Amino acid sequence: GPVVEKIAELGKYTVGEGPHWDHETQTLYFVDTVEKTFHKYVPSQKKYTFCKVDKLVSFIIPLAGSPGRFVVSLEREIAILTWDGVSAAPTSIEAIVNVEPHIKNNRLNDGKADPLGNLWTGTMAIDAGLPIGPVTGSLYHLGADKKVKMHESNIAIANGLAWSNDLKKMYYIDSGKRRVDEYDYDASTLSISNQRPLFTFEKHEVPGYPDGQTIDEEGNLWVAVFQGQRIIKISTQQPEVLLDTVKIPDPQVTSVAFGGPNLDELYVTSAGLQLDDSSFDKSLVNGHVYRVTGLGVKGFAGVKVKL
């Protein structure tokens, strides 16, 4: 079976999240969604750094064409952070847009560029809760002239995103729905339609909640299962097909990104935050970062945001 390695050099995260693999610099970036910190890992040189801000963060993606600059979330603002990748604070911050200026208790959560470089991201209540809590989020993309467009409402916990290789489908996760949805994606108008369930956890006895996801070159989705102690591999060719399960030692698996020189090493983030209604005792909940090899598939390099 696949090899699952705990990355000792990286330590433990409260809620490690938002992994992004920059293929040209062979570097993994990620966030902690509770501790207000950004993180950088260079595996070939065993180099780790972090950056502190005073707002809640949920994604970090290199800005296309601008070395040393990243598109990030700061609470409800999408911003450009100028960061040298090693100092413990940003050099400067350039706000782009506040997606929800008048919803004081919301935050941005998962975000990712589509294959064309358009940032997609969604919101949630800061005090969202599972299985039931306030449902206040929406799904957006950042379009022309730095204005966002809304694509879906009634989202409890805005989470993982992926697009098919032929640009005809988008896949999206609201963790509260305990399923992965598929949509027809119109690359020319950047709109989505015909929402329907692709994979429903209760139909396959999968515990926990879908969180982050990524897609491989064959079109399979790799889905992080929060409170499931696993990643799952699901089909996009047929609905409701579980292809494989890989157990991860940490119960609170949060997200996934393919990396390594050949894009065939799956980086997996997790959360050490101990929750009062957990299916797992506190001794099990650590928050390590893992690397999975031997899956027999390749992914894609992380896409930079175009502004």
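Numbers follow the displayed sequence, beginning with 1. Basically, rigid core = biggest C-alpha set you can superpose within 1.5 Å across the two forms.
After superposing on the rigid core, the larger RMS C-alpha deviation in 8 other deposited structures of this protein belongs to 141-149, the other candidate being whichever of 224-232 and 141-149 remains. Between 137-145 and 120-128, it is 137-145 that carries the larger average Cα temperature factor according to the deposited entry.
As recorded in the PDB entry, 202-210 is the stretch of 202-210 and 107-115 with the greater mean C-alpha temperature factor. Which of 248, 57, 256, 275 has the largest Cα B-factor in the deposited entry comes down to 275. In the deposited entry, the Cα temperature factor of residue 34 sits in the bottom third of values across the chain's modelled residues.
The PDB entry assigns residue 43 a C-alpha temperature factor belonging to the middle third of its chain's modelled residues. In the PDB entry, a CA B factor belonging to the middle third of its chain's modelled residues is recorded for residue 22. Among the modelled residues of its chain, residue 63 has a C-alpha B-factor that falls in the middle third according to the deposited record.
Ranked by C-alpha B-factor against the other modelled residues of its chain, residue 285 falls in the middle third.
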